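Listing of query-v3.cif; format and content: mmCIF, N, CA and C atoms.
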```
data_final
#
loop_
_atom_site.label_atom_id
_atom_site.label_comp_id
_atom_site.auth_asym_id
_atom_site.auth_seq_id
_atom_site.Cartn_x
_atom_site.Cartn_y
_atom_site.Cartn_z
N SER A 22 243.04 190.26 162.16
CA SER A 22 242.55 191.42 161.42
C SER A 22 242.67 191.24 159.94
N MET A 23 241.91 192.04 159.20
CA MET A 23 242.08 192.06 157.80
C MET A 23 243.46 192.58 157.40
N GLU A 24 244.01 193.54 158.16
CA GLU A 24 245.31 194.14 157.82
C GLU A 24 246.42 193.00 157.91
N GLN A 25 246.31 192.16 158.93
CA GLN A 25 247.32 191.10 159.15
C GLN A 25 247.26 190.16 158.00
N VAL A 26 246.05 189.82 157.57
CA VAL A 26 245.91 189.00 156.38
C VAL A 26 246.52 189.57 155.11
N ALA A 27 246.33 190.89 154.94
CA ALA A 27 246.86 191.59 153.73
C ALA A 27 248.38 191.55 153.75
N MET A 28 248.94 191.80 154.94
CA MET A 28 250.40 191.76 155.19
C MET A 28 250.91 190.35 154.91
N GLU A 29 250.20 189.35 155.43
CA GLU A 29 250.54 187.96 155.11
C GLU A 29 250.47 187.60 153.62
N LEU A 30 249.52 188.17 152.87
CA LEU A 30 249.44 187.89 151.45
C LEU A 30 250.66 188.50 150.68
N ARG A 31 251.06 189.69 151.12
CA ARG A 31 252.25 190.46 150.60
C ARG A 31 253.48 189.56 150.83
N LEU A 32 253.62 189.02 152.03
CA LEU A 32 254.78 188.15 152.36
C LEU A 32 254.75 186.89 151.51
N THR A 33 253.58 186.27 151.32
CA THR A 33 253.47 185.14 150.46
C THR A 33 253.85 185.44 149.05
N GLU A 34 253.45 186.60 148.55
CA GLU A 34 253.83 186.98 147.21
C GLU A 34 255.35 187.31 147.09
N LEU A 35 255.90 187.94 148.09
CA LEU A 35 257.38 188.19 148.07
C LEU A 35 258.10 186.83 148.03
N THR A 36 257.61 185.87 148.84
CA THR A 36 258.16 184.52 148.87
C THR A 36 258.10 183.86 147.54
N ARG A 37 256.98 184.02 146.79
CA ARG A 37 256.89 183.51 145.43
C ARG A 37 257.94 184.11 144.52
N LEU A 38 258.12 185.42 144.61
CA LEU A 38 259.08 186.07 143.71
C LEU A 38 260.53 185.65 144.10
N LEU A 39 260.83 185.62 145.40
CA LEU A 39 262.16 185.14 145.88
C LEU A 39 262.45 183.71 145.52
N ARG A 40 261.45 182.83 145.47
CA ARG A 40 261.71 181.46 145.01
C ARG A 40 262.11 181.45 143.57
N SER A 41 261.49 182.25 142.72
CA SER A 41 261.90 182.33 141.33
C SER A 41 263.35 182.93 141.22
N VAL A 42 263.62 183.99 141.98
CA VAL A 42 265.01 184.53 142.05
C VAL A 42 266.01 183.43 142.48
N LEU A 43 265.68 182.68 143.51
CA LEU A 43 266.60 181.67 144.03
C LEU A 43 266.89 180.63 143.01
N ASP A 44 265.84 180.23 142.26
CA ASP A 44 266.02 179.23 141.24
C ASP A 44 266.91 179.74 140.15
N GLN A 45 266.75 181.00 139.77
CA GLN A 45 267.54 181.58 138.70
C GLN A 45 269.01 181.70 139.18
N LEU A 46 269.22 182.07 140.44
CA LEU A 46 270.63 182.21 140.93
C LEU A 46 271.30 180.85 141.00
N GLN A 47 270.59 179.84 141.46
CA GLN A 47 271.16 178.56 141.64
C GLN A 47 271.46 177.89 140.28
N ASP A 48 270.74 178.26 139.22
CA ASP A 48 271.14 177.83 137.88
C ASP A 48 272.49 178.34 137.43
N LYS A 49 272.93 179.46 137.97
CA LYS A 49 274.23 179.99 137.71
C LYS A 49 275.35 179.28 138.47
N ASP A 50 274.99 178.20 139.15
CA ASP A 50 275.96 177.32 139.90
C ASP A 50 275.76 175.91 139.42
N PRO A 51 276.12 175.66 138.14
CA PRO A 51 275.78 174.32 137.64
C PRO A 51 276.63 173.20 138.21
N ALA A 52 277.79 173.56 138.76
CA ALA A 52 278.63 172.57 139.44
C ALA A 52 278.12 172.17 140.88
N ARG A 53 277.09 172.90 141.35
CA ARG A 53 276.49 172.66 142.66
C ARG A 53 277.47 172.87 143.81
N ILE A 54 278.44 173.76 143.57
CA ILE A 54 279.43 174.12 144.58
C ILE A 54 278.81 174.75 145.81
N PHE A 55 277.69 175.45 145.60
CA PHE A 55 277.08 176.23 146.70
C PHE A 55 275.75 175.64 147.15
N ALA A 56 275.43 174.44 146.70
CA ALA A 56 274.15 173.84 146.96
C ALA A 56 273.89 173.46 148.39
N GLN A 57 274.94 173.06 149.13
CA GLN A 57 274.79 172.54 150.48
C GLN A 57 275.79 173.22 151.45
N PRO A 58 275.51 173.18 152.74
CA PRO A 58 276.54 173.64 153.70
C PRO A 58 277.86 173.02 153.59
N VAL A 59 278.91 173.80 153.74
CA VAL A 59 280.25 173.21 153.86
C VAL A 59 280.22 172.19 155.01
N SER A 60 280.63 170.95 154.70
CA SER A 60 280.65 169.86 155.70
C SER A 60 281.74 170.02 156.83
N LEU A 61 281.33 170.04 158.09
CA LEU A 61 282.28 170.23 159.16
C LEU A 61 282.95 168.93 159.44
N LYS A 62 282.42 167.82 158.91
CA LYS A 62 283.20 166.55 158.96
C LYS A 62 284.37 166.64 158.04
N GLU A 63 284.16 167.12 156.80
CA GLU A 63 285.23 167.28 155.80
C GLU A 63 286.17 168.54 155.89
N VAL A 64 285.63 169.60 156.49
CA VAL A 64 286.38 170.84 156.70
C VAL A 64 286.24 171.21 158.18
N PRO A 65 286.95 170.45 159.07
CA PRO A 65 286.66 170.60 160.50
C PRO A 65 286.98 171.96 161.13
N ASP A 66 287.89 172.71 160.53
CA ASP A 66 288.25 174.06 161.01
C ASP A 66 287.36 175.16 160.41
N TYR A 67 286.31 174.82 159.65
CA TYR A 67 285.64 175.87 158.84
C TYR A 67 285.13 177.06 159.70
N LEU A 68 284.60 176.78 160.86
CA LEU A 68 283.95 177.81 161.67
C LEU A 68 284.99 178.69 162.38
N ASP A 69 286.26 178.25 162.37
CA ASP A 69 287.32 179.10 162.84
C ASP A 69 287.56 180.22 161.83
N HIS A 70 287.23 179.97 160.56
CA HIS A 70 287.49 180.91 159.45
C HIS A 70 286.23 181.74 159.15
N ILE A 71 285.11 181.08 159.03
CA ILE A 71 283.84 181.65 158.54
C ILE A 71 282.83 181.63 159.68
N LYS A 72 282.45 182.84 160.08
CA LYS A 72 281.55 182.93 161.22
C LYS A 72 280.06 182.79 160.93
N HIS A 73 279.62 183.08 159.69
CA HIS A 73 278.26 182.93 159.30
C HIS A 73 278.19 182.13 157.93
N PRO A 74 278.30 180.81 158.04
CA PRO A 74 278.21 179.98 156.82
C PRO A 74 276.84 180.13 156.14
N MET A 75 276.81 179.92 154.81
CA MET A 75 275.57 180.03 154.11
C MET A 75 275.68 179.18 152.84
N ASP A 76 274.55 178.75 152.33
CA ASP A 76 274.48 177.91 151.13
C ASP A 76 273.01 177.93 150.59
N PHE A 77 272.80 177.46 149.38
CA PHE A 77 271.48 177.53 148.82
C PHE A 77 270.41 176.66 149.52
N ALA A 78 270.76 175.48 150.04
CA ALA A 78 269.76 174.69 150.79
C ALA A 78 269.26 175.40 152.05
N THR A 79 270.18 176.08 152.73
CA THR A 79 269.89 176.78 153.97
C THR A 79 268.99 177.97 153.59
N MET A 80 269.27 178.65 152.48
CA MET A 80 268.39 179.75 152.06
C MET A 80 266.98 179.25 151.70
N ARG A 81 266.92 178.10 151.05
CA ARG A 81 265.67 177.56 150.63
C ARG A 81 264.81 177.21 151.86
N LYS A 82 265.42 176.67 152.90
CA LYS A 82 264.69 176.40 154.18
C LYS A 82 264.10 177.69 154.79
N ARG A 83 264.92 178.73 154.85
CA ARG A 83 264.45 180.02 155.31
C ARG A 83 263.32 180.56 154.41
N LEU A 84 263.50 180.46 153.13
CA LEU A 84 262.49 181.01 152.22
C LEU A 84 261.14 180.30 152.41
N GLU A 85 261.17 178.98 152.51
CA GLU A 85 259.92 178.20 152.58
C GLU A 85 259.19 178.37 153.89
N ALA A 86 259.88 178.80 154.93
CA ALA A 86 259.31 179.24 156.16
C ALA A 86 258.86 180.72 156.11
N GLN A 87 258.80 181.30 154.90
CA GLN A 87 258.62 182.78 154.77
C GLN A 87 259.46 183.62 155.69
N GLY A 88 260.75 183.26 155.82
CA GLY A 88 261.65 183.92 156.67
C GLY A 88 262.44 185.13 156.12
N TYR A 89 262.23 185.47 154.86
CA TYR A 89 262.79 186.70 154.30
C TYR A 89 261.64 187.78 154.23
N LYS A 90 261.80 188.79 155.01
CA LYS A 90 260.77 189.88 155.06
C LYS A 90 260.86 190.85 153.91
N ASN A 91 262.05 190.96 153.30
CA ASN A 91 262.31 191.91 152.23
C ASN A 91 263.47 191.35 151.36
N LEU A 92 263.68 191.93 150.18
CA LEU A 92 264.78 191.51 149.30
C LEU A 92 266.16 191.71 149.92
N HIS A 93 266.37 192.77 150.69
CA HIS A 93 267.67 193.05 151.35
C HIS A 93 268.13 191.86 152.17
N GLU A 94 267.21 191.29 152.93
CA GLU A 94 267.56 190.09 153.79
C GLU A 94 268.04 188.88 152.93
N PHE A 95 267.36 188.65 151.81
CA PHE A 95 267.66 187.58 150.88
C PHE A 95 269.01 187.86 150.26
N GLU A 96 269.21 189.08 149.80
CA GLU A 96 270.53 189.41 149.24
C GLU A 96 271.68 189.28 150.22
N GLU A 97 271.45 189.62 151.48
CA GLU A 97 272.48 189.43 152.50
C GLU A 97 272.99 187.98 152.52
N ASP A 98 272.05 187.05 152.48
CA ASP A 98 272.35 185.62 152.56
C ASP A 98 273.09 185.24 151.26
N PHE A 99 272.63 185.71 150.10
CA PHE A 99 273.34 185.37 148.85
C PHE A 99 274.78 185.90 148.85
N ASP A 100 274.94 187.08 149.35
CA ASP A 100 276.29 187.68 149.43
C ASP A 100 277.17 186.90 150.39
N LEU A 101 276.63 186.32 151.46
CA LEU A 101 277.42 185.49 152.35
C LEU A 101 277.99 184.27 151.64
N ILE A 102 277.17 183.67 150.79
CA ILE A 102 277.63 182.50 150.05
C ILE A 102 278.90 182.85 149.31
N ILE A 103 278.85 183.96 148.57
CA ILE A 103 279.95 184.39 147.70
C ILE A 103 281.13 184.84 148.53
N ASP A 104 280.85 185.73 149.51
CA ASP A 104 281.93 186.34 150.27
C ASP A 104 282.67 185.34 151.15
N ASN A 105 281.97 184.34 151.71
CA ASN A 105 282.58 183.33 152.58
C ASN A 105 283.57 182.54 151.70
N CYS A 106 283.10 182.17 150.50
CA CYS A 106 283.93 181.38 149.57
C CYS A 106 285.20 182.09 149.14
N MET A 107 285.07 183.39 148.85
CA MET A 107 286.20 184.21 148.36
C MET A 107 287.23 184.46 149.48
N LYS A 108 286.82 184.29 150.74
CA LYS A 108 287.79 184.38 151.84
C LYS A 108 288.47 183.03 152.11
N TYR A 109 287.70 181.97 152.23
CA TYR A 109 288.24 180.65 152.57
C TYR A 109 289.13 180.06 151.51
N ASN A 110 288.74 180.30 150.26
CA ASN A 110 289.45 179.71 149.13
C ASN A 110 290.34 180.73 148.46
N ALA A 111 291.49 180.32 147.92
CA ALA A 111 292.38 181.22 147.20
C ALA A 111 291.90 181.53 145.81
N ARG A 112 292.39 182.61 145.23
CA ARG A 112 292.08 183.00 143.85
C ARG A 112 292.23 181.97 142.76
N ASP A 113 293.21 181.08 142.91
CA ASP A 113 293.51 180.08 141.92
C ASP A 113 292.69 178.78 142.02
N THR A 114 291.55 178.83 142.69
CA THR A 114 290.82 177.61 142.93
C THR A 114 289.52 177.64 142.16
N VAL A 115 289.03 176.43 141.86
CA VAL A 115 287.73 176.31 141.19
C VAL A 115 286.61 176.90 142.05
N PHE A 116 286.77 176.83 143.38
CA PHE A 116 285.76 177.38 144.29
C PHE A 116 285.66 178.86 144.20
N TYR A 117 286.79 179.56 144.33
CA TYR A 117 286.77 181.04 144.22
C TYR A 117 286.23 181.47 142.89
N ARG A 118 286.70 180.79 141.83
CA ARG A 118 286.31 181.21 140.49
C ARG A 118 284.78 181.00 140.31
N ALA A 119 284.25 179.94 140.90
CA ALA A 119 282.81 179.69 140.81
C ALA A 119 282.02 180.84 141.48
N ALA A 120 282.53 181.31 142.62
CA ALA A 120 281.90 182.39 143.33
C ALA A 120 281.91 183.65 142.53
N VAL A 121 283.06 183.95 141.86
CA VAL A 121 283.11 185.17 141.04
C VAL A 121 282.02 185.15 139.91
N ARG A 122 281.92 184.01 139.25
CA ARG A 122 280.99 183.81 138.13
C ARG A 122 279.54 183.89 138.62
N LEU A 123 279.29 183.31 139.81
CA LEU A 123 277.95 183.41 140.42
C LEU A 123 277.58 184.84 140.78
N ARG A 124 278.53 185.59 141.35
CA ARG A 124 278.33 186.98 141.68
C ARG A 124 278.00 187.77 140.39
N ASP A 125 278.81 187.56 139.38
CA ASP A 125 278.68 188.36 138.17
C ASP A 125 277.36 188.06 137.47
N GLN A 126 277.05 186.78 137.32
CA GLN A 126 275.80 186.37 136.67
C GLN A 126 274.57 186.65 137.50
N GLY A 127 274.69 186.63 138.82
CA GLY A 127 273.54 186.83 139.71
C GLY A 127 273.13 188.29 139.73
N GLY A 128 274.10 189.19 139.55
CA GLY A 128 273.88 190.66 139.58
C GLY A 128 272.76 191.10 138.67
N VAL A 129 272.71 190.50 137.49
CA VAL A 129 271.68 190.76 136.47
C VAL A 129 270.26 190.41 136.99
N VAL A 130 270.15 189.24 137.61
CA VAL A 130 268.90 188.68 138.14
C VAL A 130 268.42 189.56 139.29
N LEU A 131 269.34 189.86 140.20
CA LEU A 131 269.04 190.72 141.34
C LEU A 131 268.66 192.18 140.99
N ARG A 132 269.30 192.73 139.97
CA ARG A 132 268.95 194.05 139.47
C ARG A 132 267.47 194.15 139.10
N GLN A 133 266.94 193.14 138.38
CA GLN A 133 265.55 193.18 137.95
C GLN A 133 264.60 192.79 139.10
N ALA A 134 265.04 191.89 139.98
CA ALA A 134 264.28 191.58 141.17
C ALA A 134 263.99 192.81 142.00
N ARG A 135 264.96 193.68 142.17
CA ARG A 135 264.76 194.89 142.95
C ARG A 135 263.71 195.79 142.29
N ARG A 136 263.78 195.93 140.98
CA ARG A 136 262.81 196.74 140.25
C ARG A 136 261.39 196.16 140.44
N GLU A 137 261.24 194.82 140.37
CA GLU A 137 259.95 194.13 140.55
C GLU A 137 259.36 194.25 141.95
N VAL A 138 260.24 194.09 142.93
CA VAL A 138 259.82 194.22 144.31
C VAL A 138 259.27 195.61 144.57
N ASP A 139 260.02 196.64 144.19
CA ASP A 139 259.59 198.07 144.25
C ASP A 139 258.33 198.36 143.42
N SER A 140 258.34 197.90 142.18
CA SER A 140 257.22 198.09 141.26
C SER A 140 255.90 197.50 141.82
N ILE A 141 255.84 196.17 142.02
CA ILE A 141 254.64 195.51 142.62
C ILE A 141 254.36 195.96 144.08
N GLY A 142 255.35 196.51 144.77
CA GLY A 142 255.23 196.91 146.18
C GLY A 142 255.43 195.69 147.07
#
```

Full structure transcribed into structure tokens:
Amino acid sequence: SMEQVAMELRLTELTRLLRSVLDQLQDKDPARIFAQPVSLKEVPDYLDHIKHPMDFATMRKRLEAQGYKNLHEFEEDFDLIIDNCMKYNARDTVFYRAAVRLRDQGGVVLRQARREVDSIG
């Protein structure tokens, strides 16, 4: 149908905007701490601690498959990155501190993303 096509164009455009958001958030992680999944070879107990692991490569795979239907879904995944880190790692670690800085700096980007998503529809 024409309606399915219109819906698909909306999803393609949301995907375009989310890719720009993702790029902006990942620039706030210049140490690349969150770039890839935590390695289960190197952290063999990780899944005993963290039930839903997340990282920027895994988000990028979902995004490129147009797997985020709305901004809320994308934000859920970004919050997992931060929240998983702040639980597994202690306050005094470079990992926790990186997550705090990513959360704080990302908030600005996400604030305007929400306005754009609502604005453009």

What is the atom CA of residue 54 of chain A-atom N of residue 91 of chain A distance in Å, reported with one decimal?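 Rounded to one decimal, the two atoms are 25.7 Å apart.
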
Nearest candidate to residue 49 of chain A (options A:67, A:134, A:126, A:87; using all atoms listed in the file): A:126

All helix (DSSP H, G or I) positions in segment 76-142 of chain A, as number ranges by chain: A: 77-85, 92-109, 115-141

Written file, previous selection with N, CA and C atoms, as a short mmCIF file (atom, residue, chain, number, x, y, z; two decimals), keeping the file's coordinate frame:
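Result written to result_1.cif:
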```cif
data_model
loop_
_atom_site.label_atom_id
_atom_site.label_comp_id
_atom_site.auth_asym_id
_atom_site.auth_seq_id
_atom_site.Cartn_x
_atom_site.Cartn_y
_atom_site.Cartn_z
N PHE A 77 272.80 177.46 149.38
CA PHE A 77 271.48 177.53 148.82
C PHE A 77 270.41 176.66 149.52
N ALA A 78 270.76 175.48 150.04
CA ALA A 78 269.76 174.69 150.79
C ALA A 78 269.26 175.40 152.05
N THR A 79 270.18 176.08 152.73
CA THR A 79 269.89 176.78 153.97
C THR A 79 268.99 177.97 153.59
N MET A 80 269.27 178.65 152.48
CA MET A 80 268.39 179.75 152.06
C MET A 80 266.98 179.25 151.70
N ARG A 81 266.92 178.10 151.05
CA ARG A 81 265.67 177.56 150.63
C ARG A 81 264.81 177.21 151.86
N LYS A 82 265.42 176.67 152.90
CA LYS A 82 264.69 176.40 154.18
C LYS A 82 264.10 177.69 154.79
N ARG A 83 264.92 178.73 154.85
CA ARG A 83 264.45 180.02 155.31
C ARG A 83 263.32 180.56 154.41
N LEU A 84 263.50 180.46 153.13
CA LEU A 84 262.49 181.01 152.22
C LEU A 84 261.14 180.30 152.41
N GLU A 85 261.17 178.98 152.51
CA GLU A 85 259.92 178.20 152.58
C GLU A 85 259.19 178.37 153.89
N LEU A 92 263.68 191.93 150.18
CA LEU A 92 264.78 191.51 149.30
C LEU A 92 266.16 191.71 149.92
N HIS A 93 266.37 192.77 150.69
CA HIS A 93 267.67 193.05 151.35
C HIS A 93 268.13 191.86 152.17
N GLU A 94 267.21 191.29 152.93
CA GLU A 94 267.56 190.09 153.79
C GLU A 94 268.04 188.88 152.93
N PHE A 95 267.36 188.65 151.81
CA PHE A 95 267.66 187.58 150.88
C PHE A 95 269.01 187.86 150.26
N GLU A 96 269.21 189.08 149.80
CA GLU A 96 270.53 189.41 149.24
C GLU A 96 271.68 189.28 150.22
N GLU A 97 271.45 189.62 151.48
CA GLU A 97 272.48 189.43 152.50
C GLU A 97 272.99 187.98 152.52
N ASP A 98 272.05 187.05 152.48
CA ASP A 98 272.35 185.62 152.56
C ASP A 98 273.09 185.24 151.26
N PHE A 99 272.63 185.71 150.10
CA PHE A 99 273.34 185.37 148.85
C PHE A 99 274.78 185.90 148.85
N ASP A 100 274.94 187.08 149.35
CA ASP A 100 276.29 187.68 149.43
C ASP A 100 277.17 186.90 150.39
N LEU A 101 276.63 186.32 151.46
CA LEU A 101 277.42 185.49 152.35
C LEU A 101 277.99 184.27 151.64
N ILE A 102 277.17 183.67 150.79
CA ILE A 102 277.63 182.50 150.05
C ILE A 102 278.90 182.85 149.31
N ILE A 103 278.85 183.96 148.57
CA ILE A 103 279.95 184.39 147.70
C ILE A 103 281.13 184.84 148.53
N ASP A 104 280.85 185.73 149.51
CA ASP A 104 281.93 186.34 150.27
C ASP A 104 282.67 185.34 151.15
N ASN A 105 281.97 184.34 151.71
CA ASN A 105 282.58 183.33 152.58
C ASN A 105 283.57 182.54 151.70
N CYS A 106 283.10 182.17 150.50
CA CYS A 106 283.93 181.38 149.57
C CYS A 106 285.20 182.09 149.14
N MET A 107 285.07 183.39 148.85
CA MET A 107 286.20 184.21 148.36
C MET A 107 287.23 184.46 149.48
N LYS A 108 286.82 184.29 150.74
CA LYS A 108 287.79 184.38 151.84
C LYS A 108 288.47 183.03 152.11
N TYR A 109 287.70 181.97 152.23
CA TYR A 109 288.24 180.65 152.57
C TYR A 109 289.13 180.06 151.51
N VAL A 115 289.03 176.43 141.86
CA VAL A 115 287.73 176.31 141.19
C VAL A 115 286.61 176.90 142.05
N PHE A 116 286.77 176.83 143.38
CA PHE A 116 285.76 177.38 144.29
C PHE A 116 285.66 178.86 144.20
N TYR A 117 286.79 179.56 144.33
CA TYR A 117 286.77 181.04 144.22
C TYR A 117 286.23 181.47 142.89
N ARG A 118 286.70 180.79 141.83
CA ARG A 118 286.31 181.21 140.49
C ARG A 118 284.78 181.00 140.31
N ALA A 119 284.25 179.94 140.90
CA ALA A 119 282.81 179.69 140.81
C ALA A 119 282.02 180.84 141.48
N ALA A 120 282.53 181.31 142.62
CA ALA A 120 281.90 182.39 143.33
C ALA A 120 281.91 183.65 142.53
N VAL A 121 283.06 183.95 141.86
CA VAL A 121 283.11 185.17 141.04
C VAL A 121 282.02 185.15 139.91
N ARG A 122 281.92 184.01 139.25
CA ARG A 122 280.99 183.81 138.13
C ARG A 122 279.54 183.89 138.62
N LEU A 123 279.29 183.31 139.81
CA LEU A 123 277.95 183.41 140.42
C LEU A 123 277.58 184.84 140.78
N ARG A 124 278.53 185.59 141.35
CA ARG A 124 278.33 186.98 141.68
C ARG A 124 278.00 187.77 140.39
N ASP A 125 278.81 187.56 139.38
CA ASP A 125 278.68 188.36 138.17
C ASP A 125 277.36 188.06 137.47
N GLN A 126 277.05 186.78 137.32
CA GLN A 126 275.80 186.37 136.67
C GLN A 126 274.57 186.65 137.50
N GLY A 127 274.69 186.63 138.82
CA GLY A 127 273.54 186.83 139.71
C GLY A 127 273.13 188.29 139.73
N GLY A 128 274.10 189.19 139.55
CA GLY A 128 273.88 190.66 139.58
C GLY A 128 272.76 191.10 138.67
N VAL A 129 272.71 190.50 137.49
CA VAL A 129 271.68 190.76 136.47
C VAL A 129 270.26 190.41 136.99
N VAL A 130 270.15 189.24 137.61
CA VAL A 130 268.90 188.68 138.14
C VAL A 130 268.42 189.56 139.29
N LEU A 131 269.34 189.86 140.20
CA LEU A 131 269.04 190.72 141.34
C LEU A 131 268.66 192.18 140.99
N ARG A 132 269.30 192.73 139.97
CA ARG A 132 268.95 194.05 139.47
C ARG A 132 267.47 194.15 139.10
N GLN A 133 266.94 193.14 138.38
CA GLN A 133 265.55 193.18 137.95
C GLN A 133 264.60 192.79 139.10
N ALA A 134 265.04 191.89 139.98
CA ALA A 134 264.28 191.58 141.17
C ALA A 134 263.99 192.81 142.00
N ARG A 135 264.96 193.68 142.17
CA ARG A 135 264.76 194.89 142.95
C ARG A 135 263.71 195.79 142.29
N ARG A 136 263.78 195.93 140.98
CA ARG A 136 262.81 196.74 140.25
C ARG A 136 261.39 196.16 140.44
N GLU A 137 261.24 194.82 140.37
CA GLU A 137 259.95 194.13 140.55
C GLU A 137 259.36 194.25 141.95
N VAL A 138 260.24 194.09 142.93
CA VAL A 138 259.82 194.22 144.31
C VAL A 138 259.27 195.61 144.57
N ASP A 139 260.02 196.64 144.19
CA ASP A 139 259.59 198.07 144.25
C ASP A 139 258.33 198.36 143.42
N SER A 140 258.34 197.90 142.18
CA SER A 140 257.22 198.09 141.26
C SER A 140 255.90 197.50 141.82
N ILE A 141 255.84 196.17 142.02
CA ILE A 141 254.64 195.51 142.62
C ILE A 141 254.36 195.96 144.08
#
```

Calculate how many Å separate atom CA of residue 59 of chain A from atom N of residue 101 of chain A, rounding to one decimal.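 So the two atoms, atom CA of residue 59 of chain A and atom N of residue 101 of chain A, lie 13.8 Å apart.
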
Between atom C of residue 29 of chain A and atom C of residue 128 of chain A - distance in Å to one decimal: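 Interatomic distance, atom C of residue 128 of chain A to atom C of residue 29 of chain A: 27.1 Å.
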